[PDB]
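Next comes just one chain, in structure tokens: the form deposited in one PDB entry.
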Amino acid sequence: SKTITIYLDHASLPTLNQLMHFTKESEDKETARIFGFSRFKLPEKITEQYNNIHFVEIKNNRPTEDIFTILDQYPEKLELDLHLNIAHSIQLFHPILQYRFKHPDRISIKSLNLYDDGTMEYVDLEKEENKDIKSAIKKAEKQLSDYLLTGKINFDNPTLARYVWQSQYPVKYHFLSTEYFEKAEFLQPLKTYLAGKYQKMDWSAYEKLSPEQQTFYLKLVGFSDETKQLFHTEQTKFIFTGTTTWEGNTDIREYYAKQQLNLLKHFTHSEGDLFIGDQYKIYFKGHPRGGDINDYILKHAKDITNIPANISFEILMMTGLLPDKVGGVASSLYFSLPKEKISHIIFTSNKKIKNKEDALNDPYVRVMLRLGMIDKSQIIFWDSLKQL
């Protein structure tokens, strides 16, 4: 045997969790690793410490066949420990399966760790709420078994098929919302089925790491000590969530920057409708693509600390640097937040959302409402707020 640890993700949240696993195993400089990521590349000062370390491209929802060339470097019996995105697990896994078929006596899958993409998994499960879940599970297991023996990808319920891997391999799942699985009545049979095999994504692991390992993790994810310092104060913290543009009857980007500055004022100025109080230090998390819009907001906002583009809410979560409060323009990140940290979420106009009613009907917002993460007084339509 050689064991090979293979980390696959085209998104960002599974990557960040997989890098935490790598960090926890980082003293082991021997085991072979394959990193198959879309959005993170590892610093050479880390990678030069590892003698058996490889990188593969993700293209479509799959590792390319360059992974065959990598695995061809290892002619011994191999036992593969796989780490995959839950929503895309079939597609990420398939090239590994094709490779096994080429060397069926020599290559086996040892274990699977599966991690949430994000809201996708929940939005998808919600579409299954009128099905018979118990029989959907037994079907999915038969089909998965065929898929493994032959390679053919046929699932009557692809969404539930994401969750039946334990019928074939040792598996662990890492979920953004364990409450969802435990409180949705229709999923009771899935909950029971998965018992013992899942955990909530641990935002606390960073704080439990040794200082050396914490330094390692920050270096892997590109969190400089400079930027980390912006969060070193005991003052409580509010982060405003920015956006780019929306359907506001003009194409002038500066209009949208001004309007966000007004939304921000509603949180930070004493006579705003959504005033948070003087207790919080104010941070701005602009959209990575805001460019000149973000320049504009930072030029005209007073006493505000910019969070750089490389630092996502996922990174904040994973490093235990979530702030006390988050508010501003709506996006799926709000789903990942504990309820006590959400102030108000402001929806802007697009083709789906034209008013506050449409906002309440958004797929991820519907779950949030049901799980009690927010109430309706927390959902605002951008139009309802006066200029200041």
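Under this definition, the rigid core comprises the largest set of C-alpha atoms superposing within 1.5 Å between the forms. For every residue, the number given is its place in the sequence shown, counted from 1.
Although not depicted, the form deposited in another entry is the subject of the following passage.
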query	finding
Identity of the moved residue from 148, 153, 123, 274, C-alpha shift 2 angstroms or more, core fit between this form and the one not shown	274
Rigid core superposed: residue 287 CA moves 2 Å or more between this form and the one not shown	yes
Core-aligned CA displacement of residue 232 at least 2 Å between this form and the one not shown	yes
Large Cα shift (2 Å or above) at residue 357 between this form and the one not shown, core-fitted	yes
Cα distance between residue 347 and residue 124, which in the other form differs by 3 Å or more from this form, closer or farther	closer
Inter-Cα distance between residue 287 and residue 13 in the other form, nearer or further [3 Å or more]	closer
